[PDB]
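Engineer: Protein chains in written order, with the entry's author numbering: chain A, 1113 to 1195, 1207 to 1263, 1280 to 1415; chain B, 860 to 910; chain C, 251 to 294; chain D, 2 to 210; chain E, 46 to 127; chain F, 491 to 587.
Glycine residues also receive a C-beta, built at the ideal position from the N, C-alpha and C atoms.
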DNA sequence: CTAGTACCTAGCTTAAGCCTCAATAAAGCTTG
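1. Express the C-alpha separation of residue 54 (chain E) and residue 1143 (chain A) in angstroms, rounding to a whole number.
2. Rounded to whole angstroms, what is the Cα-Cα separation between residue 118 (chain E) and residue 107 (chain E)?
3. Kindly indicate which three-state DSSP category residue 541 (chain F) falls into: helix, strand or coil?
4. Report the residue from F:514, F:541, F:537 and F:559 whose alpha carbon sits nearest the alpha carbon of residue 526 (chain F).
5. Would you verify that the beta carbon of residue 110 (chain E) is, or is not, closer than 8 angstroms to some beta carbon of chain D?
6. Would residue 212 (chain D) pass as an interface residue toward chain A - the criterion being a Cβ-Cβ separation below 8 angstroms?
7. Within its chain, find whatever has a CB closer than 6 angstroms to the CB of residue 538 (chain F); leave out the 5 residues flanking it on each side and keep chain order.
8. Quick check: does the Cβ of residue 25 (chain D) come within less than 7 angstroms of any heavy atom belonging to the ligand FAD?
9. Starting from the beta carbon of residue 893 (chain B), find every residue of chain D whose beta carbon is closer than 7 angstroms, and list them in chain order.
10. Do you know how far the Cα of residue 1285 (chain A) is from the Cα of residue 1183 (chain A)?
11. Where does residue 1383 (chain A) sit, in a helix, a strand or coil, going by DSSP?
12. Closest to residue 1279 (chain A) by CA distance: which of A:1122, A:1317 and A:1126 is it?
13. Take the Cβ of residue 282 (chain C) as the centre, count every other Cβ of all protein chains shown within 10 Å, and call the residue buried at 16 or more, exposed below.
14. Using a Cβ cut-off of 8 angstroms (strictly closer), state whether residue 290 (chain C) contacts chain F.
15. Answer yes or no: do residue 179 (chain D) and residue 156 (chain D) have a C-beta to C-beta separation smaller than 8 angstroms?
16. Would you call the segment 272-280 of chain C in contact with the segment 70-83 of chain E, where contact means no fewer than 3 C-beta pairs closer than 8 angstroms?
17. Residue 19 (chain D) and residue 33 (chain D) - do their beta-carbons sit closer together than 8 angstroms?
18. Tell me, please, which residues DSSP counts as bridged to residue 575 (chain F).
19. With H, G and I counted as helix, E and B as strand and the rest as coil, what does DSSP make of residue 498 (chain F)?
20. Below 8 angstroms on C-beta distance, what does residue 1407 (chain A) contact in chain D?
21. Compare the C-beta of residue 1385 (chain A) with all C-beta atoms of chain D and state if any pair is closer than 8 angstroms.
22. Which term fits residue 632 (chain F), buried or exposed, when burial requires 16 or more other beta carbons within 10 angstroms of its beta carbon?
23. From what residue to what residue does the beta strand (DSSP E) around residue 119 (chain E) run?
24. Does the beta-carbon of residue 169 (chain D) have 16 or more other beta-carbons within 10 angstroms, so that it is buried, or is it exposed?
25. Considering just the uninterrupted stretch of the beta strand (DSSP E) at residue 1172 (chain A), what are its terminal residues?
26. Report all residues from its chain with a CB closer than 6 angstroms to the CB of residue 1160 (chain A); omit the five preceding and five following residues, and keep chain order.
27. Against chain E, with Cβ distances strictly below 8 angstroms, would residue 164 (chain D) count as a contact?
28. With H, G and I counted as helix, E and B as strand and the rest as coil, what does DSSP make of residue 100 (chain E)?
29. Can you tell me whether residue 123 (chain D) is buried or exposed, with buried defined as 16 or more other CB within 10 angstroms of its CB?
30. Please specify which runs of the alpha helix (DSSP H), each continuous and at least 4 residues long, are wholly inside the segment 1221-1259 of chain A, giving them in chain order.
31. Identify the continuous beta strand (DSSP E) that holds residue 130 (chain D) and give its terminal residues.
32. Rounded to whole angstroms, what is the Cα-Cα separation between residue 150 (chain D) and residue 1153 (chain A)?
33. Is the segment 194-205 of chain D touching the segment 76-90 of chain E, taking contact as three or more C-beta pairs under 8 angstroms?
34. Report the residue from A:1151, A:1162, A:1412 and A:1132 whose alpha carbon sits nearest the alpha carbon of residue 1297 (chain A).
35. For the beta strand (DSSP E) that contains residue 11 (chain D), what are its first and last residues?
36. Hey, is residue 567 (chain F)'s beta-carbon within less than 8 angstroms of any beta-carbon in chain C?
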C-alpha cells in the first residue's frame, strides 16, 4: 500500500546529493513485545503515532448567537441538565473516526483547556447520545477572534499522534530480514513474523522515545535525520543499507568494496559530505 | 551522477602502506574494503558453521 | 485568520490585485452587482 | 498525567546512569538496571506537585580509578533554563571540589546559557542534554557501533604504528550524539568497533574536531 | 628505510610489473646491454619479459610510503606475480 | 529540451487520429517533435462574424440586454473564446448549428 | 549628380545574502 518509496535513480540522487527533504521519508518502526505479537496493541501503538488534528474527527462546525447559555437555541437537553459570552461555537464530530482513534470528549476538552488556558470553556455532550457535540464559549475583535481561533484549532491541535508523521501503515512482513529473527535453545534461527509499522513522515526521536516501541531496530530511511539523531557512524551503516537497497532491488550485485568506499569517503570528515 | 561520483573519489587509492588514502593522505580505510583484498579475486561462499 | 482570498495578477501590474478591487475599478460601485457577475445563482 | 511523566523520568534516569557507566563513572548494578517499580517506590509516582520532584532526584557519581573527579547531573524544573537558573548550579560547582556535571533540560536551553557554558568550559567542563534526547540509549541501537574512547598513550601508539599525523585520521564532530553521549573534547580519537560483512570485525578511528 | 624495516608487500604488483617491463624494454630498444642470453628474438618487449622471468632486470623500485619515506625493492628480490 | 519533466513528452490520449503515435525522433526530442496523421487537417481560420449574425437572431440574448437573474438556468455561448451571449434552449440550436 | 570606395562607429536544489522576532543585560526609576 505504500510502495511510493521512489527507488532507482531518484533515490540514488537523494542519497548522493544528501537532501534535507527526500520525496519519501519513512520509518520501519518495530514493536517490543506482546504488541508486536497481537494486532490490537499494534493498533494502539499505531494511533499514538499517526498525527491527528481535530479536522480529522469533526463532521461540521457552526457558530451561533445564543443570548443566554441557559436558553439553548439548539434543542439539547444535555446543556439543560449541565448548566460568560453570548457568541458561542459548536462542532459536530462523527462516531467513525472517534471510535477509530479511541478518544473521549474529556480528552479533547482537556487538550483545549491546556492549549488555550481558561480563556474558554468547553461543554461537551456525553458519550451516550447519537450526536457528538461540544460547545465553546469565551470567558470574560469580538467574534472574528473566535473565527480565527476556530481556524487555528482546526488546523493544528495534535489530539493524538506526533507531528510530521501523516500516515502510518501496518502489516506483517514477508521478507526474512525485515522479519524478527531469534535463536532458539537448539541454535536455530526461527524466522518470526511479528507486526511492524511503516510511516510516511520522519521524526526518529519522538518515535523511539515511546512506550512499547523497539529503540534498537527502528531505521528512518532519512540520512540527515539519522545524522541528527544517532551520529555519523550510524549514518555510515544506514547510508550503506539504503545505497545497497536500490542496487539489490534490481537483483543486481555490486561488491561491498565500492559501497564501503563511497560511504566512507562521504562520511570520513565527521559531517555529511554530500557529493555536490 | 557518474561524473559527480568520479570527481569526488578520483584520487582515492591504495598506498604502499596498504591503507586507503585520498589525495591529501587523509585515511579513508585502514585496509581496502576493510580487508585489504582485491575485488576481482573473490568468490561467493557458504559458512558451514553458521545455522 | 480569514483564508482563501482571490487575487488577479494583471499585465503591466507589478503586484496581484484583489478581484473585487478590479471590478470596482471597472465601474461597479455596489457589491450585489459584482456578485451577479461571478455567482450566477444566489441560492448556493 | 503523572504515570507518563513518571515513566519518562525513570527512563531518563536509566539512560543517564547507563551513560555514566559507559563514560567510566562508578555505578552499582542495582541502579544500573532497576525496574519502573523501584523508581516508583523510591521517588513517588507524582511528578506533578509531589515527592518525585526534580532537584533532590539528581545523581552524583565518581570515576572508578579515583573517587576525586565527580560528575553531577541536574534536571531543572524550568522548561527553558536560563543563566540565573544555571548560575546556582555553577555555585554548587564551585562550593564542591567537583569539576564537571550534566544538565538534562526540559525544553531548549537559552542561547545566553549556551554561551555561558562555552565561556566557563575550561574551568568547568559541563555540557547539556535534552529531555527528549535521553529517553533512549542510542548506543543500544543496531546502527550505532561500539565506540571506545582512546587514552593518550594508546593514541600516540596508534600514530607511531601507522606513521600518520593527528589530522590524517577520519574525524568526528563533537556535536554529534555519540561523541556528546560519551563526553569528549577535540583532539581525542575514538576506537569504533563494527562488524564487517566482508572480513569479520573492522576497527576505525574517529578524531574529534 | 633500512633493509631491516621493510613493511611493503614482497609481491611485485601489476602496476610495477607493467611499468618495469615498459621501461626496461624501452632501454633494450635504445640498445642497452641485455642481461639474459637471447635465442634470436628481436622484440624488446619479449626480451624484457624474458629478463623479468629470469630475474635479471637491472632495475630497483622505490616505493614511496604515505608518510614520505620510501623503500628500495630490487626486481630480483621481490616475487613476480605471473 | 533536455528537461526531466516527461509529462509534455508523453503520448496524450487526444492524439488519436491527428498525430502519429509511432513516429517521433528517438533523441532528446522524444514526444516533442511529432508528425501529422494522414487525414489530420489543420483549420485555417475565418471570420466569426457570420456565425455571430446567425446566432443573434434565433432566441439568444447579448450580455447587455439581459440581467443575471436568468443567466443561471440558461447556457453560455462562447465564440472563439469570447462570451457572446446566453441561450435558453441549448438543444435544437446544437442541432441547428 | 551620382557612384565608388575609404574612414567612423523547464524545473529543481542548496547555499547565501538579506528581513524580522523573542530573551536579556545595562540604565534608570521606584518605593522599601
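Structural biologist: Taking the structure as given:
1. Straight-line Cα distance between these residues: approximately 50 angstroms.
2. A direct Cα-to-Cα measurement between residue 118 (chain E) and residue 107 (chain E) gives close to 6 angstroms.
3. DSSP places residue 541 (chain F) in helix when its eight states are reduced to three.
4. It is F:514 whose Cα lies nearest to the Cα of residue 526 (chain F).
5. For residue 110 (chain E), the answer is yes, since a Cβ of chain D falls inside 8 angstroms of its Cβ.
6. Nothing about residue 212 (chain D) can be read from this structure; chain D reaches only from 2 to 210.
7. Answer for residue 538 (chain F): 569 and 570, listed in chain order.
8. In terms of ligand content, the structure shown is empty, and the ligand FAD therefore cannot be addressed.
9. Near residue 893 (chain B) (Cβ distances below 7 angstroms), the residues of chain D are 197, 199, 200 and 203.
10. When rounded, the distance between both Cα atoms is 21 angstroms.
11. Residue state for residue 1383 (chain A) is assigned as helix, using DSSP reduced to three classes.
12. Gap in chain A between 1263 and 1280; residue 1279 (chain A) lies inside it and carries no coordinates.
13. In summary, residue 282 (chain C) is exposed, with fewer than 16 beta-carbon neighbours lying within 10 Å of its beta-carbon over all protein chains present.
14. Yes, residue 290 (chain C) counts as interfacial toward chain F.
15. No, Cβ-Cβ distance for residue 179 (chain D) and residue 156 (chain D) is not below 8 angstroms.
16. No, the segment 272-280 of chain C is not in contact with the segment 70-83 of chain E.
17. At the C-beta level, residue 33 (chain D) and residue 19 (chain D) come within 8 angstroms of one another.
18. Partner(s): F:552 and F:567.
19. Three-state DSSP puts residue 498 (chain F) in coil, outside helix and strand.
20. Correct list: 171 and 172.
21. No - not a single Cβ of chain D is within 8 angstroms of the one on residue 1385 (chain A).
22. Outside the shown range of chain F, which is 491 to 587, sits residue 632 (chain F), and nothing can be said about it.
23. Membership of residue 119 (chain E) in the beta strand (DSSP E) is indicated by the continuous run 115-119.
24. Buried.
25. That run of the beta strand (DSSP E) goes 1170-1177.
26. No residues qualify anywhere along the chain.
27. Chain E, which has a Cβ nearer than 8 angstroms to the Cβ of residue 164 (chain D), makes this yes.
28. Coil, per DSSP.
29. The residue is exposed, with fewer than 16 neighbouring Cβ atoms inside 10 Å.
30. Look at the segment 1221-1259 of chain A and you find these whole runs of alpha helix (DSSP H), each 4 residues long or longer: 1228-1239.
31. Residue 130 (chain D) -> beta strand (DSSP E) spans 128-131.
32. Residue 150 (chain D) and residue 1153 (chain A): Cα-Cα distance of roughly 41 angstroms.
33. By the Cβ rule, the segment 194-205 of chain D does not count as touching the segment 76-90 of chain E, because fewer than three pairs are nearer than 8 angstroms.
34. The residue among A:1151, A:1162, A:1412 and A:1132 with its C-alpha nearest the C-alpha of residue 1297 (chain A) is A:1162.
35. Counting along the chain, residue 11 (chain D) falls outside any beta strand (DSSP E), though it belongs to the alpha helix (DSSP H) covering 4-24.
36. Chain C contact via Cβ: absent.
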